[PDB]
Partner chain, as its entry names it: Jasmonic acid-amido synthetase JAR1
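One chain comes next, on its own, written out as structure tokens in the form solved without the partner chain.
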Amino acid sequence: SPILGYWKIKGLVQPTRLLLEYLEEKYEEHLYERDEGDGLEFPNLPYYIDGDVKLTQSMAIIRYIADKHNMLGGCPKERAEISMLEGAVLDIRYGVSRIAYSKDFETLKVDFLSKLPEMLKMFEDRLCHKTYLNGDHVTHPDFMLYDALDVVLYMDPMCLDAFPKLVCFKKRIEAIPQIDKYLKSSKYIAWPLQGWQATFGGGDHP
């Protein structure tokens, strides 16, 4: 049975957890707690260990899961489209993490929220003509986008008010039966968003 190790936070691994649940894959987690500051080629968290594949790097892990289930794309062109959406989502998600620990969070937050709409608009447009980011079926960047939306909603609860197709998208991901079940389950990690020491999305509760 595959093992996924990470902090007991959403953080970098939450989209991977959503994907695993979507696929109904069986896995156990090694969940590291706040005080728990006390082979694998590139030691880090997260790590993914299955049947003697030992992986670090969050993107390598999610892509591996996707790949194993033939979700990365059929041809070089389709694969690049997936990697493009992937990078575009990460600009949002890292955009948050990059300031979340800063003394100046509240100030930096202004500049991030200022640029967020232009970032969201590309996904908005992508979704005017498509059910999920890559058309009719779910791909891993759908879960990365879900996680990003969930996060920026804590930062600014109105950030999606100008974006109805993103709102419906996020409800749609939540309506997927495997995902609905996971979100209501005891395995779901609601909080924190970032490491507990974060100025934003840190702490033991919202």
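Residue numbers count along the first chain shown, from 1.
J.: Note how many residues of the deposited chain are left out of the model between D38 and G39; the options are none, 1 to 3, 4 to 9, and 10 or more.
T.: Unresolved stretch here: 10 or more residues.
J.: If you take the mean CA temperature factor per stretch, which one wins between 9-17 and 184-192?
T.: The deposited B-factors put 184-192 ahead on the C-alpha mean.
J.: Can you tell me whether 92-100 has a higher mean C-alpha B factor than 71-79 in this record, or the other way round?
T.: Taking the mean B-factor of the alpha carbons in each, 71-79 is higher.
J.: Could you check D150, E174, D142, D52 and tell me which one carries the biggest Cα B-factor in the deposited entry?
T.: Largest recorded C-alpha B-factor: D52.
J.: Taking the chain's C-alpha temperature factors as the reference, tell me which third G135 falls into: lowest, middle or highest.
T.: Highest third of the chain for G135's C-alpha B-factor.
J.: Would you mind checking where the Cα B-factor of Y47 ranks among the modelled residues of its chain, as the lowest, middle or highest third?
T.: For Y47, the deposited C-alpha B-factor lands in the middle third.
J.: Ranked by Cα temperature factor within the chain, is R63 in the lowest third, the middle third or the highest third?
T.: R63: CA B-factor falls in the lowest third of its chain.
J.: Please say which third, lowest, middle or highest, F163 falls into when its CA temperature factor is compared across its chain.
T.: As the PDB entry reports it, the C-alpha B-factor of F163 lands in the highest third of its chain.
J.: Is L127 in the lowest, middle or highest third of its chain when residues are ranked by C-alpha B-factor?
T.: According to the entry, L127 has a C-alpha B-factor in the chain's highest third.
Not on display, but discussed next: the form deposited with the partner chain bound.
J.: Verify the flagged residues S1, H30 and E36 against the partner chain in the deposited bound form: is each one within 4.5 Å by a non-hydrogen atom?
T.: No, none of the three is in contact.
J.: Can you tell me if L183 lies within 4.5 angstroms of the partner chain in the deposited bound form, counting non-hydrogen atoms only?
T.: Contact with the partner chain, yes.
J.: Just checking whether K26 would be counted as a contact of the partner chain in the deposited bound form - the rule being heavy atoms within 4.5 angstroms.
T.: Contact check for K26: no, nothing within 4.5 Å of the partner chain in the deposited bound form.
J.: Would you please decide whether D156 lies within 4.5 angstroms of the partner chain in the deposited bound form, comparing each non-hydrogen atom pair?
T.: Because no heavy atom of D156 falls inside 4.5 Å of the partner chain in the deposited bound form, the answer is no.
J.: Check whether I179 has any heavy atom within 4.5 Å of a heavy atom of the partner chain in the deposited bound form, and answer yes or no.
T.: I179 belongs to the contact set for the partner chain.
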